[PDB]
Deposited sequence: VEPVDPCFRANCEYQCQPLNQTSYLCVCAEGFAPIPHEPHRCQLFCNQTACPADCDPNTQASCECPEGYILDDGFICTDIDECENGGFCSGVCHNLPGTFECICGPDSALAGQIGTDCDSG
């Protein structure tokens, strides 16, 4: 089983005999830069907050605790201050475009230029 030498934070999923994929619990997902690690995930405008069962809640980056113990996406574009150019809001982050319209440059999660 390919999962022997796997350092999966939560659980390991055997793909075949030579590969596998670390997976997470409901509500979480693999961290991009550290695929063996897990963190709260959401690609929706709103997701249930991960509060303590017996309630101090947690929200994934880019979201903020809102009413009803729900993590609402932060709209960095309408908020302002996150992007200096043309801003498009995304769930959990944002896209920021700028530079000459001829050679546009784009960023995700960070200001442009």
Could you list, start to end, the deposited-sequence stretches with no C-alpha atoms? 1-4, 59-60, 120-121
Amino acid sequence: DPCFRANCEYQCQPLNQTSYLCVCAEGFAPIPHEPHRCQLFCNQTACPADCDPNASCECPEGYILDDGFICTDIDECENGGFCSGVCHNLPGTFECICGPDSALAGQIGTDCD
From here on, numbers count along this sequence of modelled residues.
Per the entry, higher mean C-alpha B factor between 65-73 and 24-32: 24-32
Using only the Cα atoms and their B-factors as the entry lists them, report which of 101-109 and 85-93 averages higher. 101-109
With respect to C-alpha B-factor, does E78 fall in the lowest, middle or highest third of the chain as deposited? lowest
Select lowest, middle or highest to describe the third in which the CA B-factor of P48 falls within its chain in this entry. middle
